[PDB]
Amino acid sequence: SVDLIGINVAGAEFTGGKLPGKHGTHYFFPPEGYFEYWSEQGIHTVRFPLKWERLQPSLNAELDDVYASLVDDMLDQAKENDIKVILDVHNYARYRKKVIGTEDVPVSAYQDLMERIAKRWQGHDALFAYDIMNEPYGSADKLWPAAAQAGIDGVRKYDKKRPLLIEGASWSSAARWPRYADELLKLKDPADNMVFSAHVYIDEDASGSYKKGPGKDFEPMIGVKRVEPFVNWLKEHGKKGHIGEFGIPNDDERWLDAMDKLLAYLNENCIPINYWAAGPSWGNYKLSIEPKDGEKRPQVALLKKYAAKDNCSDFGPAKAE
């Protein structure tokens, strides 16, 4: 089943400056009882960021025992708690700051990573899908479509069933999607289970930093307006979609109204969303929906209303008929 409502659970990718880094100091996996809270809230799909450099300290070599085992543990806990997990290689189309497709990081090395990820986890019941790369951007954009095919090829050697979530150029911007996405039309998935995943924030620069409030001229449909270019492209090209990140601060009711409008539009078009973000070690982060003393998380109540609505049969938008 494809859940329309889901959340990111971030932390395993934190403190990119420290490699390998230390669990519990630089990065954080869900502790005991973590998924039970979210399951009880009625959330059954999670997107989980992972750091490539921690999974694979050397290219074209075996996955790191300790970090990969933490992923094993997380998947086990998700399964215990009725949660389905999208593994996200949260790397901006780069390995140790070098773009996939450059001499340092050949596409074959990225294919190798994806082979190893699918080989290790394809047998895990909690695994739902693979988001093969978070937010290609900048000098990675031009080479990304070639890298994406290599990633698809890698997963499909070992997992011929699960959805592949394919992000786009320019931080997978939903708003700018059609400017660049035609380059993705050459991608092929022999299993026919490929889904494009765009990101949308509704601050002025769409970075999610929220440097300003809604403003005097706030438009409630801002979220919808920013995903329309993506969804319309999907319809035009007969493709399937997904929103892998969207988040808002908890300090202005207007953001919630925009979120509501967005959720309605995505629901209508059978496009699932992963809210950014929950996680075990966010502290005061403005977009966090993790429970924290003294903080209300109105975004959660809203997600819960939607979570009750029927899911679609598959990733939308529905084919024309």
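Residue numbers here begin at 1 and follow the sequence given.
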Comparing mean C-alpha B factor in the record for 167-175 and 188-196, the higher one is 188-196
Please compare 210-218 with 82-90 and say which has the higher mean C-alpha temperature factor in the record. 210-218
Of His242, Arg162, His237, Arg116, which one's C-alpha B factor is largest in the deposited record? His237
Among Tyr265, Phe48, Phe29, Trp38, which residue carries the highest C-alpha B-factor recorded in the PDB entry? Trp38
Chain third (lowest, middle, highest) by recorded CA B-factor, residue given as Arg254: highest
Looking at the entry's B-factor column for C-alpha atoms only, identify whether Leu19 ranks in the lowest, middle or highest third of its chain. highest
For the chain shown, is the CA B-factor of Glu135 in the lowest, middle or highest third of its modelled residues? lowest
On the chain's distribution of Cα B-factors, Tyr158 falls within the third called highest
For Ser288, the third of its chain into which the C-alpha B factor falls: middle
